[PDB]
Each structure stands twice: as structure tokens, then as C-alpha cells.
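One chain follows as C-alpha cells, the form deposited without its partner chain.
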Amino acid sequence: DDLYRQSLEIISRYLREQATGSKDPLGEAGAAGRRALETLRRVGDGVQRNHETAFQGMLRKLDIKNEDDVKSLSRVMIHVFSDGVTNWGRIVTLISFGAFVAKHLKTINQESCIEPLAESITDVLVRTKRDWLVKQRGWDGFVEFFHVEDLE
């Protein structure tokens, strides 16, 4: 599965470099993956700053203490992503909260749960939104959407 293997890479690398504080060198320059991670860094870091309150509140509410609580995250994700509208905004918000949660997993000494968490995000993202992802040219459409430079 090309669109899954790709999503899992962008989602895995973002959550990892966010939790660590330093960038790992993803794919190849100019490709969908490279541009998608650079975009996700730009728009997603903003989402975590702008929505820090709501993110602190959802994290407390979710009360993720261990590995079990990480695995059980697929349930609330399925609930939320099977509802409302589909747009890249929601997709970037979903990945930004996963980077926020991944930072917490580090502070609570559950670093190992991060890649499993990333896996769970890709699984929910594809099972609830793949027809829309295909129709949108996947990570190429994502990149194109947040490309605001050639409008004039």
C-alpha cells in the first residue's frame, strides 16, 4: 500500500522529531514526502502553539498513562475522524495533536509508545479517509493545498 507506507513515514518522522526536539533525511528533495514534512512542520507547529489550551485539555481528559492507553487511542480517533467534514486542515490538526501527545509520552517515559501511536494515526487516517485522500492526490494535494505562494 503506497498511500499508507508514505503517510506512516511523514507521521512517524514528524512525531519522532517533535518528541526529540531535533530533526533526523526523510525521502528525496522535491518529492511528496519531503515537501509534506516541511509543510507539516510549518502549519503543524503553528497548530500546537495556537491550540495549546485545547491540546492541554484533551490530553488531560484522555489521561494517557501507559502503553494500553496509547493502543486505546484508535477508539477516540475513529469516533472523531468518522465525523464532521474532511479537509487538510483536520488532517494537519490530527497529526499536530499526535506530535503534542508524543511530546507527553517522552516526559512520562513511554518514548517506545510513539512509533506505535504514529502507526495507529496512519491506520485511522486511511480507514476513515482513503477515498478522499486518493481523490486529493494524497501527499501531493496536501503540499499543493498549503502552497500559498503563487496566488497573485
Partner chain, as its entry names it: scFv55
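Numbering follows the first chain given and starts at 1.
The stretch of deposited sequence separating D24 from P25 contains 1 to 3 residues lacking coordinates in this entry.
Mean CA temperature factor is higher for 114-122 when stretches 98-106 and 114-122 are set side by side in the entry. Judged by mean Cα B factor in the deposited record, 85-93 ranks above the other of 47-55 and 85-93.
Across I10, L133, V143, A19, the greatest Cα temperature factor reported in the deposited entry is at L133.
Annotation for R35: C-alpha temperature factor in the highest third relative to the rest of the modelled chain, per the entry. When all modelled residues of the chain are sorted by CA temperature factor, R127 is found within the highest third.
Quick note: we don't show the form solved in complex with its partner chain, though the next part is all about it.
For the chain shown alone, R35 is a contact residue for its partner chain in the entry with it bound, at least one non-hydrogen atom being within 4.5 angstroms. Residue contact with its partner chain in the entry with it bound: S12 places no heavy atom within 4.5 Å of it.
In the entry with it bound, its partner chain lies farther than 4.5 Å from every heavy atom of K23. Contact residues in stretch 125-142 (any heavy atom within 4.5 Å of its partner chain, taken in the entry with it bound) are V134, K135, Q136, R137, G138, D140.
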